[PDB]
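Descriptive analysis of the structure
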Amino acid sequence: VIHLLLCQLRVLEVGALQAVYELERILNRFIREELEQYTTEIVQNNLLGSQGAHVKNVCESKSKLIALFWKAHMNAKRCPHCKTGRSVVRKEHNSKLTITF
Amino acid sequence: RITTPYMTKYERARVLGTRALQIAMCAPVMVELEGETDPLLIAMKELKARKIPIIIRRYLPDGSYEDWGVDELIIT
Amino acid sequence: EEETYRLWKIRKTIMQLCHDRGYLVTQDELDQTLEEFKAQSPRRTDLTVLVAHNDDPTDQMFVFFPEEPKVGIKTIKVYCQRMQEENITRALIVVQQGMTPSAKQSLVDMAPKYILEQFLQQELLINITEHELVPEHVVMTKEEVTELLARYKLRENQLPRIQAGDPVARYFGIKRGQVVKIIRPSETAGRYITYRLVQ
RNA sequence: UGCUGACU
DNA sequence: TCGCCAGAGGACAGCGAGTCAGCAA
DNA sequence: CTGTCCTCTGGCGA
């Protein structure tokens, strides 16, 4: 997810909008080298479009991508590399963040 | 070369306004005014005689522009 | 014998769908009535059709009618084998209850090597394309989209969008990045023409 | 700045 | 054995313009 | 007041 979203953002920054689903399908059909080749090819062959990226249909896509990220992939989870890395930050009312043991 | 040949009403309004603001700033009147103190009446008198050396620069939605002459524009 | 009425309606709708995509279909198939459909053909493996394309005679399509009310990965493989051996690239899987959710991403996973696509059986009982409000869609060719963008000084983004899961983008089998011309019958101007990028 | 009235 | 279809409540944020006055904190 | 948006929230086969 990290690398997929990174590459999708790299392509959105220049306006390429088919590259989004193309990257996602390249991923599912398959990580950094697999995605970065296509993403660099897009960003190179489709530059000159940093000024033509501030359009509706390019802002909706970035909005949706980042919103889905913050909404679905930032929940507390058992840690990958060390299985016991949930030092659960759990914030009370603003001005209060409490880590556990 | 591809836009309409006529002068839209917004273009007439802005051209009259600019010609009037020029006349009012002591610009030479090429229309032989006949005792009128309004610069807008003088600007209309000039527009009717086809004496306005202004270039309407019509902008297309991608930055490309087309430069038309106020003389080469069908005023309705 | 209502199963036969459903089979006949679905077969007629799929013949119309294949003709609208530009496949060689005869008038009799498009004008086939029930009495003669049931006369010819009972099963769900001899309803499978294989159609050819106007141009690119190698480019043909294959329509499936799986038996399993809920097709799964194994069912998909069993005739992806058929397609790979008969040397075809496209398919069309008419399913009776749905596809188990893993299958939908498998059909997507098969790269342009063997591009498949699913259709529910209740989606084919009628031709939506024949509704009063649905306009006529026409997949533009790669050389007409360029002339459009040049005439309007456009970019491909900055054009209205049509969803890739649109019930009329799934029917006309339009891939992503393709522009479709749309002829709206307008009460104001007659035959208004619009364009939508499939995404 | 707010609460009371008031006008179309 | 928990992911996603379903399923629940909780929170927020909006609620037509524009005027005139007085009184009081 | 009412609506969406948002955030969970435990519950059967793969």
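Looking at the method and resolution fields of the entry, one finds cryo-EM and 2.81 Å.

1. Digging into the pairing of strand β1 (residues 55-59) of chain B
Residues and elements named next belong to chain B. Burial of β1 is one-sided: the residues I56 and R58 facing one way are buried, the residues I55, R57 and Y59 facing the other way are not. Inspection of the sheet shows β1 paired to strand β2 (residues 65-69) by 5 bridges, in the antiparallel sense. Bridging from a neighbouring strand, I56 pairs with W68 of β2. Between the antiparallel neighbours β1 and β2 lie 5 residues, among them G63 with a positive phi of about 100°.

2. With respect to helix α1 (residues 9-24) of chain B
Residue and element names in this part refer to chain B. In this model α1 runs 22 Å from its N-terminal to its C-terminal C-alpha over 16 residues, within 8% of the 22 Å that 1.5 Å per residue would give. The set of residues buried in α1 consists of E11, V15, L16, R19, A20 and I23. Down the axis of α1, the smallest arc covering the buried residues is 155°, so these residues share one side. Those residues of α1 that are exposed and angled more than 90 degrees off the buried face are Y10, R14, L21 and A24. The secondary structure elements touched by the buried residues of α1 are α2 (39-49) and β1. A positive phi of about 65° marks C26, the residue just after α1.

3. Observations concerning the interface of chain C and chain A
Of the residues lining the interface, 15 residues belong to chain C; the matching set on chain A comes to 11 residues. Both faces considered, chain C and chain A share a buried interface measuring about 1100 Å² in area, 46% of it formed by carbon and sulfur atoms. Among the residues of chain C in contact with chain A, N157(C), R176(C) and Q199(C) are the three that bury the most area, contributing 36% of the side total. Scanning the region where chain C abuts chain A turns up 2 residue pairs in polar contact. Broken down by secondary-structure element, the contributors of at least two residues to the side of chain C that touches chain A are α5 (101-109) and β10 (190-198) of chain C. Of all the elements, α5(C) adds the most residues to the side of chain C that touches chain A, at 3 residues. Residues belonging to the side of chain C that touches chain A are distributed by class as follows: 6 nonpolar, 5 polar and 4 charged.

4. Some words on a negative patch on the surface
Taken together, the side chains of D28(C), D31(C), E35(C) and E36(C) make up a negatively charged region of the molecular surface. Mapping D31(C) onto the fold places it in the loop between α2 (27-30) and α3 (34-40).

5. What to know about unusual backbone geometry
A negative phi angle characterises most non-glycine residues, just as the trans form characterises most peptide bonds. Despite not being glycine, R50(B) has its phi angle at roughly 65°, a positive value. Relative to the assigned elements, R50(B) resides in the loop between α2 and β1. Here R50(B) falls in the exposed class, since its relative accessible area comes to 56%. In the Ramachandran plot, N87(C) falls in the positive-phi region, its phi being about 70° despite a non-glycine side chain. Tracing the backbone through its elements, the reader meets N87(C) in the loop between α4 (73-86) and β4 (92-95).

Rules used throughout
- Residues numbered from 1 in each chain as written, not as in the entry; some residues may be left out.
- Chains lettered and ligands numbered in written order.
- Part of a larger assembly, values for the part shown.
- Heavy atoms only, no water.
- Buried < 20%, exposed > 50% of the residue type's maximum accessible area, 1.4 Å probe, protein only.
- Helix = DSSP H or I, 4+ residues; strand = E, 2+ residues; numbered from the N terminus.
- Pairing = 2+ DSSP bridges.
- Expected span 1.5 Å × (residues − 1).
- Arc of directions from axis to C-beta.
- Contact = heavy atoms within 4.5 Å.
- Buried area = accessible area lost by both parts, 1.4 Å probe.
- Polar contact = N/O pair within 3.5 Å; in protein donor to acceptor, adjacent residues only side chain to side chain.
- Nonpolar A, V, L, I, M, F, W, Y, C, P; charged D, E, K, R; others polar.
- Patch = residues over 30% accessible without salt bridge, like charges linked within 9 Å, V, L, I, M, F, W, Y side chains within 5 Å.
- Areas by Shrake-Rupley, 256 points an atom, 1.4 Å probe, with all protein chains shown as cover.
- Salt bridge = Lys/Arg side-chain N within 4 Å of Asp/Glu carboxyl O.
- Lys, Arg positive; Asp, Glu negative; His and termini not counted.
- Charge placed at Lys NZ, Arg CZ, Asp CG, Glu CD.

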